[PDB]
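Participant: The structure that follows is given in the form of structure tokens.
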Amino acid sequence: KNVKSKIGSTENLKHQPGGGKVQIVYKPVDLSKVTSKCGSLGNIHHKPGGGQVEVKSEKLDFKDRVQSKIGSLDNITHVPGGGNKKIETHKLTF
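Counting in the UniProt record's numbering, the final residue of the sequence shown is number 695, and the numbers go up one at a time with none missing.
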């Protein structure tokens, strides 16, 4: 069991604001094969090129305003537990 409650609250929540989440996996596999039997070869030049990976974030401008106004919280009964009995809240004004 999982219970979450909010009454009259204010939240500002951000995950990785500026640059975000970046995940890069670089795993090329090379299985080239040169074979010779009973013959003649010249020179071998094995010169394969590597990859380029680039991730960039240049000129970001992020601006937030959060405002909350409540006149009054009063006379609240909040029972997220179980098996309770005879819970009371009273208010009187003259």
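Positions of the beta carbon are idealized from the N, C-alpha and C atoms, including for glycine.
With three or more beta-carbon pairs closer than 8 Å as the criterion, would you say the stretch 625-633 touches the stretch 652-660?
Facilitator: Segments in contact, yes.
Participant: Determine the direct distance from the alpha carbon of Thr636 to that of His647, and round the result to whole angstroms.
Facilitator: Start at 1 with the first residue of the sequence shown, and residue 647 comes out as number 46. Start at 1 with the first residue of the sequence shown, and residue 636 comes out as number 35. Rounded to whole angstroms, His647 to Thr636 spans 14 Å at the Cα level.
Participant: Can the beta-carbon of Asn613 be found less than 7 Å from the beta-carbon of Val667?
Facilitator: Here residue 613 is taken as the residue at index 12 of the sequence shown, counted from 1. Here residue 667 is taken as the residue at index 66 of the sequence shown, counted from 1. Yes. Within cutoff.
Participant: CA-CA distance, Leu674 and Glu659?
Facilitator: The residue you call residue 674 lines up with position 73 of the sequence shown. The residue you call residue 659 lines up with position 58 of the sequence shown. Rounded to the nearest angstrom, the two C-alpha atoms are 45 Å apart.
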